[PDB]
Amino acid sequence: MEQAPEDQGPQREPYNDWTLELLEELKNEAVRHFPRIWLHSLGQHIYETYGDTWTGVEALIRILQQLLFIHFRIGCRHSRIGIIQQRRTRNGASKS
């Protein structure tokens, strides 16, 4: 059943609305910090794999969150001012 209160009003689907809002929240959170667009492509792939099942949606967010968390942890510690490459200038350089 839904989140039925005492005075049951016209409560049009709490879940599968709120759910999509929480998703949207975690998505917004991630894309703000991680303007990758990959997010979208992973969803498209997940429509092949799952069929955008709430299973695949939650799964995606979990994996994405985790993935973020690593780069976010690193991001907090390490300055990493776009230091994607091992060296700032050119990889290897000396004592690779």
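Residues numbered from 1 in each chain as written, not as in the entry; some residues may be left out. Heavy atoms only, no water.

Structural notes on the overall build of the chain
Thought 1: Of the regular secondary structure elements, the chain holds three helices and zero strands.
Thought 2: Secondary structure elements of the chain occur, N-terminal to C-terminal, as α-α-α.
Thought 3: For 96 residues, the compact-globule estimate of 2.2 N^0.38 gives 12 Å, and the chain exceeds it by more than 25% at 20 Å.
Thought 4: Counting across all 96 residues of the chain, residues that qualify as buried make up 15%.
Thought 5: Expressed as a percentage of contacts within the chain between residues at least 6 apart in sequence, the contacts between residues at least 24 apart total 39%. (Helix = DSSP H or I, 4+ residues; strand = E, 2+ residues; numbered from the N terminus. Rg over C-alpha atoms; globule rule 2.2 N^0.38 Å. Buried < 20%, exposed > 50% of the residue type's maximum accessible area, 1.4 Å probe, protein only. Contact = heavy atoms within 4.5 Å.)

Looking at a nonpolar patch on the surface
Thought 1: Together, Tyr15, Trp18 and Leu22 line one region of the surface with nonpolar side chains, adding up to about 320 Å² of accessible area.
Thought 2: Within the fold, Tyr15 resides in the segment before helix 1 (18–33). (Patch = residues over 30% accessible without salt bridge, like charges linked within 9 Å, V, L, I, M, F, W, Y side chains within 5 Å. Areas by Shrake-Rupley, 256 points an atom, 1.4 Å probe, with all protein chains shown as cover. Salt bridge = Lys/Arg side-chain N within 4 Å of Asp/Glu carboxyl O.)

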